[PDB]
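Reading through the structure tokens given below for one structure.
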Amino acid sequence: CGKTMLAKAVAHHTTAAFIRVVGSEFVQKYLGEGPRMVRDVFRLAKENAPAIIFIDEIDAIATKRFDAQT
Amino acid sequence: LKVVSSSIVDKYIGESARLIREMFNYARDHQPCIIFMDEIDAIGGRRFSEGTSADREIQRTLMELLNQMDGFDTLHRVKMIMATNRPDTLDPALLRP
Amino acid sequence: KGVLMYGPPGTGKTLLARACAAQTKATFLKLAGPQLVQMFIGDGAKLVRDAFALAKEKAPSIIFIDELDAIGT
Amino acid sequence: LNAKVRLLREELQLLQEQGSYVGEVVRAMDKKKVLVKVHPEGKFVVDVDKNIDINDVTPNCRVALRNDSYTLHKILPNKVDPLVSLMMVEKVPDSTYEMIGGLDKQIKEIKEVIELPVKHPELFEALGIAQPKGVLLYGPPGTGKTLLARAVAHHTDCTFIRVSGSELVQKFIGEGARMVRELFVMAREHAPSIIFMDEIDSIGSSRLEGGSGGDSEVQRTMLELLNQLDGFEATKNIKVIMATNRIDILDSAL
Amino acid sequence: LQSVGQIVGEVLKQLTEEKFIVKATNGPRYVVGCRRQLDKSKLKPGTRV
Amino acid sequence: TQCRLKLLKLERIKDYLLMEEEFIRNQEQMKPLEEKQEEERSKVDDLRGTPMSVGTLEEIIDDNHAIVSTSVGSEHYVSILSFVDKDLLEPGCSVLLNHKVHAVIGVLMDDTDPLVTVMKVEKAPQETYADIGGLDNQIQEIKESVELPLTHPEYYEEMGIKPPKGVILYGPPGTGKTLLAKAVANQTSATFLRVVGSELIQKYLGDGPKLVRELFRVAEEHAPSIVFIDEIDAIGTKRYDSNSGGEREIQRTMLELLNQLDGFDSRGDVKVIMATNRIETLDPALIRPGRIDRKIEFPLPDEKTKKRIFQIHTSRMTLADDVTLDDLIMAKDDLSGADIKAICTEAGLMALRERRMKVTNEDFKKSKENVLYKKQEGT
Amino acid sequence: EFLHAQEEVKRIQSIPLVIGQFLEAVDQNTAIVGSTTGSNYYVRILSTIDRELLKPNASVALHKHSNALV
Amino acid sequence: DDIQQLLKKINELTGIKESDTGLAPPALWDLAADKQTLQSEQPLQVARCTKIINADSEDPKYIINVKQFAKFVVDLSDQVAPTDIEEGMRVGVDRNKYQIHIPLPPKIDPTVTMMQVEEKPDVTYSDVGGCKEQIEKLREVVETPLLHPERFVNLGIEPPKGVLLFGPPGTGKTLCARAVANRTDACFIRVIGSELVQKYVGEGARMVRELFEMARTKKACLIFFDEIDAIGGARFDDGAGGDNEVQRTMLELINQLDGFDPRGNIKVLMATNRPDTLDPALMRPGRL
Ligand SMILES: Nc1ncnc2c1ncn2[C@@H]1O[C@H](COP(=O)(O)OP(=O)(O)OP(=O)(O)O)[C@@H](O)[C@H]1O
Ligand SMILES: Nc1ncnc2c1ncn2[C@@H]1O[C@H](COP(=O)(O)OP(=O)(O)OP(=O)(O)O)[C@@H](O)[C@H]1O
Ligand SMILES: Nc1ncnc2c1ncn2[C@@H]1O[C@H](COP(=O)(O)OP(=O)(O)OP(=O)(O)O)[C@@H](O)[C@H]1O
Ligand SMILES: Nc1ncnc2c1ncn2[C@@H]1O[C@H](COP(=O)(O)OP(=O)(O)OP(=O)(O)O)[C@@H](O)[C@H]1O
Ligand SMILES: Nc1ncnc2c1ncn2[C@@H]1O[C@H](COP(=O)(O)OP(=O)(O)O)[C@@H](O)[C@H]1O
Ligand SMILES: [Mg+2]
Ligand SMILES: [Mg+2]
Ligand SMILES: [Mg+2]
Ligand SMILES: [Mg+2]
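Protein chains in written order, with the numbering used here: chain A, 175 to 244; chain B, 350 to 446; chain C, -9 to 63; chain D, 80 to 333; chain E, 33 to 81; chain F, 280 to 658; chain G, 253 to 322; chain H, 14 to 301.
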């Protein structure tokens, strides 16, 4: 419909910091490095206020199910 | 690039997203470029919203692929030809005009 | 490229590949259908690719897959 | 001045020990040995330094740990309890009786059912009636069924546990299958407590099918388990509240 | 047999004029120094070293 | 009598033992025997070393060597050291390896189960039989199936007949199945496990049989035990979506229960008590004679029985004088001892809205009219 | 010589350092950090450091093999 | 009081508690453990061979795949003849110089399967009635070929392998097997139908696979699949992969009693009560 359409516009006129992250960049190979990757993107947004953070897809991040054994 | 979709799927704690992310990097530099993907059905399932870890694990690499086609970082001289024998199973957002 | 053998059970499908792989002497690669289903993503894909690559190193080879019902529809 | 500068010249040598691992005490042995779980690794049974009593060690508190011999160097300051934390991952934002208004009649009734049996248990033992546990609210979504429940627990002064089953809580609590009484293990430690449901179908009639009773497990057990749960029946501090939209649907067993 | 190997990482972000912040192959990030025979303009957040 | 004629010889056995130990300590190193033993035990904490790494015993090699898995999962063919009870070395057991040498110093710890804290109960259920009113047949076969064989195991042996193995309590809801369960948990002082029939369905496939396996194992470790299964219907009627494979996975869960309830594996001294109110929906093979032996049924109470129940909950109360117990009983009909206690409880509560202690004949009218709409509404 | 000691400290800040993440104070010079090696640590803090740039969730440097927050 | 003095002094001159042993013999064990520290090859870090580069060459090489999951080219043993260690074989190596030393004890994989082995129950063949063909059929095919294998090879036949027991519940399908279980005096490995239903895709099939790997080594076993209906199914397609998991485990069981695999000499009991459900390819002679 124009989700990524409209945020793409809002990222031209925003006249502020605009930190764009891909949904899956948050995962990665090295263990524990996910949490440290998150903390970073907020401590960077914090310093550079005013800022928009825009995650393109939250389907790998906040899913409803979790297998505790894997 | 001739890419059988069953080969870019491996088991290393979210490594299978790298090849898609990578396979695209490679294309941007050497552009012009064609990426062909044979039997896209391997990593282009539906969604599920109930499956096991194996399934939530391919659902990432797909979601990844789907953002390297139309996120912000628009593609320029890159062409991609998918091929399948069952396009009823493909995620509607991968078949989206 | 390859022949299928289908029919009722016990009619002698598995008996013909036994006899085939012992009378020809070529490189005959024994593989059963449920040995390819692994719990770790893609590992079952890797074993198939390895099988065919090990058949090219030893060529001319014969890969007899038993129980194609472990990879349904 | 001499003392100060003496410290700073000596410091450069103090900064050479390889540091210290922070594990957490799992549980103590008797031989002045403690079972400690080193964060990124496995577990180690270890000696304790003499200066820290074996009585200050307590299962679940955090401990330093020497970078070589692994003795209990010093007890760290930060105890870690999940029910204290988990509840902050549900963000159910507690309010006051000043916020729920236009109910009144309802407010006064739950006070006779939850406030009195917690505060004055002597009134039911004196009257000669058993304390009530199950309390079912119900009305169209967004009429303050949760808003009141949050409050009642705030003035009574009990821990408030939103139960939802989400796997996110099961990292804080334990293992799915056995996880029922496993909740009562955390309620009992912080008793008095009000375990709280949220019977779905506050969004549709697809929550009343395809599965056939999805959140009516969190109470056909909790409640069946809450007549004969350990020796807590003597002092009954653990109530339970569920809230639907339609009172006709409940499973007849409820 | 006299050569050795060098660890491949990336330049995450230049810090001062001489200290960089590079990430290893796995994770262990470092504040590191650098050969003064390198064009400090090519090192920039993103490149491999 | 004879028992001290036995003592007079037991002591001599010990006095002799004292001769040997008292002389061989001083022959050892002119010191007490526990002081030489303590020289050794401190020296064993030199061997043992500190720290002690927990691990997993994967397999034993007869040669007093064993392949263990440290935290990392790396396996090591180590040696089984001094001061180890090799009879505490089963697979899956936690062992104490040397942090440095990696050799099993032993399983010197009481490895815990968090499933027994759920299944077992350290109860004191107030309700004893004598608080179960007027259901008296029910109160007994049970005693002949559970409590009596533990009190008087000489009757069954003298007759020459095995005691009956398991019971099913079944009837209309409310009649007193779980109340009988409370009664017998109280008394027998066997370890009393309790699992609701619903808890035998959980999200992930396959766990059904696994939870069922580990429930009996717990009850076997603690024999003599009682394993009550409250509402075994819920396994086979209500479902929850969470489970995969649907009804087929429900079956394999049941087939596991069904085996480890009879099966092949030579168990013993674990009574079983299955409550239910839908008995007609149970796989017969589950309740096959020789799997469960006695099917007590709980009919709705009579009229004179229904009066002993309504007379038992009111006993802790103070009723006003205008209360006629016999008018409120007959007023309604087809009451379960759950409905009776529900009318008593409500009315007593109406007295607590007024700040009194006399349940009046009108408190019971309001109550009886709020449990009847309760039974009439929400049906 | 107070100045000398401040010039003499420096050596501990010798490159190369291991970036880690500060977690919380303990005493008036000891804190809990977490290397990007995965582990946690309870280390001395180097005297003479802006004591309260330290808190939020700030990036810090630890001294390779001793882990001192320098 | 005096028997209590007995226990008092017993403890005063032995003393045990939450201590790992009885402490009576292990005091000398201690002095053998000081020889276990000198045992420097120990600890030995365990790995598995995967590929022998050279064998006829003067210098055999191997490719060890250890548990840190990095792979090494290594030397041969420092004494053990290089004929003993083939590829696949699990083998222990030294941790300093990854030198292969001690061949194993392979197929660790058996962890759950370990526990299926049996320790003789308490029922005998007299405690069973209806001793017609019923029990004389079964002895004939499962007990007699293991006690007197000379009379089947002199005639020149080969007795039949598997035996299916089926009947209404409570008619002695298990009893008649509790029976043969002890009197047979040959390795007895019963699996409970439901314990082969696992959580992860094709873990069930692994279970079966490991089960026969273990039974082929131990020369002459019984396997007694009790109450197979789980993993006893019958192939069928409909909808979304119904029982596709369990079904595939069965194909593995089928496949290992009839594939190419000659197989050692292991008999197999299967006691259902619902034979109507078993897959035809599981039921026909030459497997049952
Ligand atoms: N209102 C509109 N006006 C003009 N063009 C539109 C409009 N909506 C969508 N488009 C066009 O259609 C495309 C689809 O929109 P967009 O790419 O933002 O999809 P999206 O909603 O981000 O999809 P996804 O769900 O895959 O993230 C745009 O790239 C743009 O070309
Ligand atoms: N045509 C035949 N001639 C001689 N013997 C036969 C013949 N067919 C079957 N047999 C005998 O029957 C046995 C079983 O046949 P076989 O194992 O080949 O069945 P299959 O069709 O491979 O099994 P499935 O359909 O169950 O995978 C053989 O071991 C063989 O001794
Ligand atoms: N025959 C009875 N005599 C005395 N009290 C009774 C009787 N029947 C029921 N009660 C009272 O009702 C309460 C609940 O009854 P109980 O738990 O026995 O119901 P149930 O038959 O187990 O119901 P369900 O089918 O839901 O399990 C008991 O705690 C008890 O006080
Ligand atoms: N022929 C028999 N002789 C003596 N006892 C028998 C006989 N048949 C059955 N029984 C009795 O039945 C009891 C249970 O039988 P068993 O469990 O072996 O039946 P089953 O076929 O295994 O049933 P299920 O399908 O429920 O496992 C035995 O303990 C035994 O006492
Ligand atoms: N009686 C009330 N007084 C004040 N706010 C109310 C009232 N009823 C509803 N609300 C508002 O609506 C929100 C949702 O109501 P609530 O009952 O908590 O949700 P639910 O639909 O789950 O019952 C409340 O958090 C509150 O902001
Ligand atoms: Mg988009
Ligand atoms: Mg065949
Ligand atoms: Mg009940
Ligand atoms: Mg049986």
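Just so you know, even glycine gets a beta-carbon here, dropped at the ideal spot from N, CA and C.
- Within chain D, the residues placing a beta-carbon under 8 Å from that of A:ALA242 are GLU246, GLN249, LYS250, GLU254 and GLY255, ordered along the chain.
- A distance below 7 Å between beta-carbons, with the five flanking residues on each side excluded, links H:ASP271 to the following residues of its chain, in chain order: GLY299 and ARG300.
- Excluding five sequence positions before and after D:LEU216, the CB atoms of its chain that fall closer than 6 Å to its own CB belong to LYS224 and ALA322, given in chain order.
- Taking the Cβ atoms as the reference, F:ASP605 lies roughly 16 Å from F:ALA626, outside the contact range of under 8 Å.
- If only uninterrupted beta strand (DSSP E) runs of at least 3 residues are considered, those enclosed by the segment 403 to 453 of chain F are 446 to 449.
- Under the 8 Å criterion on CB atoms, G:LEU298 is classed as interfacial with respect to chain D.
- Comparing alpha carbon positions, the residue from H:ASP274, H:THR126, H:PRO95 and H:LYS120 closest to H:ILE113 is H:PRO95.
- Distances from the CB of B:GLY394 to the heavy atoms of ligand 1 are all 7 Å or more.
- DSSP links G:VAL285 through a beta bridge to G:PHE274 and G:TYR293.
- A Cβ-Cβ contact shorter than 8 Å links H:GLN81 with F:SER353.
- Under the 8 Å criterion on CB atoms, G:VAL278 is classed as interfacial with respect to chain D.
- Among the residues of the segment 353 to 378 of chain B, those with a Cβ less than 8 Å away from any Cβ of chain C are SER355, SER356, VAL358, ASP359, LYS360 and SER365, in the order of the chain.
- Per DSSP, D:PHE203 is one residue of the alpha helix (DSSP H) stretching across 201 to 206.
- At least one heavy atom of ligand 1 lies less than 7 Å from the C-beta of B:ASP419.
- Within the segment 203 to 226 of chain A, the residues whose Cβ lies closer than 7 Å to some Cβ of chain G are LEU205, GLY206, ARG210, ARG213 and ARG217, listed in chain order.
- The continuous beta strand (DSSP E) containing F:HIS344 extends over residues 344 to 348.
- For C:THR1, the shortest C-beta to heavy atom distance toward ligand 2 is below 7 Å.
- When the Cα atoms are used, B:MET412 and C:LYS36 turn out to be separated by approximately 23 Å.
- What H:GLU240 touches in chain F, judged by beta-carbon distance under 7 Å, is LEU534 and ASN538, going in chain order.
- Look at D:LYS224: its beta carbon is less than 7 Å from one of the heavy atoms in ligand 5.
- Between B:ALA366 and C:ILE31 a beta carbon distance of about 12 Å is seen, past the 8 Å cut, so the two are scored as non-contacting.
- Looking only at F:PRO580, F:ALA599 and F:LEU296, the smallest Cα-Cα distance to F:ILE608 is reached by F:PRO580.
- Judged by DSSP in its simplified three-state form, H:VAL86 adopts strand.
- Nearest in C-alpha terms to F:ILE411, of all of F:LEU312, F:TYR356 and F:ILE588, is F:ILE588.
- Beta-bridge partners assigned by DSSP to H:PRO116: H:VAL104.
- Beta-bridge partners of F:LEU336 (DSSP): F:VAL347.
- Note on H:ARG287: under 16 other CB atoms within 10 angstroms of its CB, so exposed under the neighbour-count rule.
- Taken from the Cβ of F:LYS456, at least one heavy atom of ligand 3 lies inside 7 Å.
- The segment 166 to 238 of chain H is shown to contain whole alpha helix (DSSP H) runs of 4 or more residues at 188 to 196 and 216 to 230, in chain order.
- Pairing H:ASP43 with F:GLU319 gives a Cβ-Cβ distance under 8 Å.
- The three-state secondary structure of F:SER373, taken from DSSP, is strand.
- If one requires a minimum length of 3 residues, the beta strand (DSSP E) runs lying completely within the segment 250 to 309 of chain D are 272 to 275, in chain order.
- Shown here is that no member of the segment 33 to 47 of chain E has a Cβ falling below 8 Å from a Cβ of chain G.
- Only residues of its own chain outside the window of five on either side were considered, and among them none has a CB closer than 6 Å to the CB of H:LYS21.
- Counting only the Cα atoms, H:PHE165 lies some 26 Å from H:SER139.
- Contact note: E:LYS51 reaches chain G through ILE267, using a C-beta cutoff of 8 Å and chain order.
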